[PDB]
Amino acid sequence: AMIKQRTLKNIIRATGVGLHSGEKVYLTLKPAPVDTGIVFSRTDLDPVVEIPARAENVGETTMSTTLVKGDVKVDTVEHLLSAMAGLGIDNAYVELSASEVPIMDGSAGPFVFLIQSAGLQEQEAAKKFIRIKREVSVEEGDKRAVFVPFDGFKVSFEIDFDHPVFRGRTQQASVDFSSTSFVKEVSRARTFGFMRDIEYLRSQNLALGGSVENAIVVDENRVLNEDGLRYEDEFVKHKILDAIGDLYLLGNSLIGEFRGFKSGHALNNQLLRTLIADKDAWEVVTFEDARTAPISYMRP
């Protein structure tokens, strides 16, 4: 059995608010033909502006990952793309009635549930993977992001906060998707912010849609959310979720390993751009026989 490209079986809709804009937004996920990739569409505009979710269309990366075409933007794509990558969706149209993707509960959980509710459709074309053949790294100050050849898909991440809440083994995590489920162990990890940083963002008219219902708020000594964390290491697992979404801007599932040290959307995008430019470090591969493949996907 060939590892096939996947799309959605049915259209599905969601309503929410943009984390940074605070704007109400309607999201529609639609099936798409083979080799379309993930394509965002601003349906509030006339004509409709389509922006493929590709590294070349990445705009500002100071807070969230943004896609740009001309002066048309699609903000905060990373959690939705993380859900797409996690469920192996190759092709889909993502329609939005506003510039920013809804934040939902701040994780990829509501998206993974909406996608699986609609169901997946295997398509009549081989799924294309980007296989890391050589190591590629990028650094900036003490931040680092690396691609390493690896027979499968693995993400390691380490955060470094000199803070009472961020001590012990909860500051690093590695997820090997051959034995670990993206859905159970990464997808529910919510976005987070430190109270002083969030205050700064609010003073700059950013984080307008943020609340304890869609973000973990940390002050100088504790988690302010009354109901607590979903994972003991929720923060570093959210950084893993971000990296998976940002890596999906390559346009294809990866066969390799990512390692991040204090990395964020900007350095993740720099890593993709360096990888793409270094064509000796990667190749496109397919699996006409699923038994020889190092990556496996759930039933559609």
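Residues carry their position along the shown sequence, with the first being 1. What we label the rigid core is the largest C-alpha set whose atoms superpose within 1.5 Å from one form to the other.
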Rigid core fitted first, then name the stretch among 199 to 207 and 183 to 191 whose C-alphas deviate most from the displayed form in 4 other deposited structures of this protein.
199 to 207
Stretch 60 to 68 versus stretch 258 to 266: after rigid core alignment, which one is farther off in C-alpha RMS in 4 other deposited structures of this protein?
60 to 68
Across the other PDB entries of this protein that model residues on both sides of residue 86, is it left without coordinates in at least a third of them?
no
At least a third of the other compared entries lacking residue 168?
yes
With reference to the PDB entry, specify whether the mean Cα temperature factor is higher for 175 to 183 or for 144 to 152.
175 to 183
For the stretches 19 to 27 and 282 to 290, which has the higher mean C-alpha B-factor as given in the deposited record?
282 to 290
Of the residues 160, 75, 105, 199, the one carrying the largest Cα B-factor as recorded:
160
Sorting 91, 205, 82, 191 by Cα temperature factor from the record, which one lands on top?
205
Quick check for you: using the entry's CA B-factors within this chain, is residue 33 in the lowest, middle or highest third?
highest
Once the chain's modelled residues are ordered by C-alpha B factor and cut into thirds, is residue 110 in the lowest, middle or highest one?
lowest
Would you mind checking where the Cα B-factor of residue 43 ranks among the modelled residues of its chain, as the lowest, middle or highest third?
highest
Which third of the chain does residue 54 land in by C-alpha B-factor: lowest, middle or highest?
middle
Among the chain's modelled residues, which third holds the C-alpha B-factor of residue 228?
middle
